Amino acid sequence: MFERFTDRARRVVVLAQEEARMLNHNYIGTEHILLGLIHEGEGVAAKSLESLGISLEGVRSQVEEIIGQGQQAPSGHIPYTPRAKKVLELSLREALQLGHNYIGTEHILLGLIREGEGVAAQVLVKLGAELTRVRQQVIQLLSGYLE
């Protein structure tokens, strides 16, 4: 299904792996997808997060507090966690329901909040961004693009 991801959405997933690698992590979790969506910095997901006051530094701080780093950075392919798999599966359905034939950054963010339970969701809530508020902000921004 990655063939259906936009260029930017693929860049988010590629960057998520390196977010994990550079924190000496050995799985790509939902929190690395969240870091990737912000750090990529251009798409509707990054805009939605920025527009709710969710910054890369806030997320980094919470990841260090909740997860912490390993001792060495791994080489080679880092596997998705079960919850990160579910986020990427759910992104497909968020896109179709919103009338998109491609999976964009915003659909990955919507998948993340649909899954709603993993480390990324915990971080968002701790930083004051309730799941429904995030979804509604994505809808508000997408509505502006219909002008």
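Throughout, we count residues from 1 along the sequence that is shown.
Colleague: Mind pulling up the entry and telling me whether 119-127 or 19-27 has the higher mean Cα temperature factor?
Modeller: Looking at the record's C-alpha B-factors, the answer is 119-127.
Colleague: Taking the recorded C-alpha temperature factors, which stretch has the higher mean, 66-74 or 94-102?
Modeller: Comparing 66-74 with 94-102, the higher mean C-alpha B-factor belongs to 66-74.
Colleague: Name the residue from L34, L88, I54, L110 with the greatest C-alpha temperature factor listed in the entry.
Modeller: Going by the entry's C-alpha B-factors, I54 comes out highest.
Colleague: By the recorded C-alpha temperature factor, relative to the other modelled residues in its chain, which third is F2 in?
Modeller: Answer is middle: the recorded C-alpha B-factor places it there.
Colleague: If you rank every modelled residue in this chain by C-alpha B factor, which third holds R114: lowest, middle or highest?
Modeller: CA B-factor rank for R114: middle third.
Colleague: Split into thirds by Cα B-factor across the chain's modelled residues, where does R83 land: lowest, middle or highest?
Modeller: For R83, the deposited C-alpha B-factor lands in the lowest third.
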